[PDB]
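A short write-up of the structure that comes next.
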Amino acid sequence: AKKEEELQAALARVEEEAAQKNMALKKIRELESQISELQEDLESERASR
Amino acid sequence: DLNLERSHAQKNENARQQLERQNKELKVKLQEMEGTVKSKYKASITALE
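Listed in order, the protein sequences are those of chains A and B. Mapping the first sequence onto the authors' numbering, position 1 (from 1) lands on 1079, and the numbers just tick up by one. Mapping the second sequence onto the authors' numbering, position 2 (from 1) lands on 1766, and the numbers just tick up by one.
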């Protein structure tokens, strides 16, 4: 029961950590997309200048 | 008296055996309760920290 109880807690940590990792991964993709759009504006603004 | 004395001696052996049997179970319970408490609480304290 000690290892079984501790195993359930360890498994729950993976699920809890996976939830935060999913949001972090999605935020990284969203932030990366904004960097691409910002880079295009810099090149377009610099080219227009 | 010999037969009656043996009954008391035999009964004492059963009572003495129960104390010895309970001592083995008591030591096993105390040794397991310390691990189940020191482990279930140590891991939980690390998660809160």
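Using N, Cα and C, we set each Cβ at its ideal position, and we do this for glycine too.
Using a threshold of 8 angstroms, state whether the C-beta atoms of residue i and residue j are closer than that.
i, j, result
"residue 1803 of chain B", "residue 1084 of chain A", "yes"
"residue 1096 of chain A", "residue 1807 of chain B", "no"
"residue 1080 of chain A", "residue 1799 of chain B", "yes"
Between which two residues does the alpha helix (DSSP H) containing residue i stretch?
i, result
"residue 1119 of chain A", "1080-1126"
"residue 1769 of chain B", "1766-1812"
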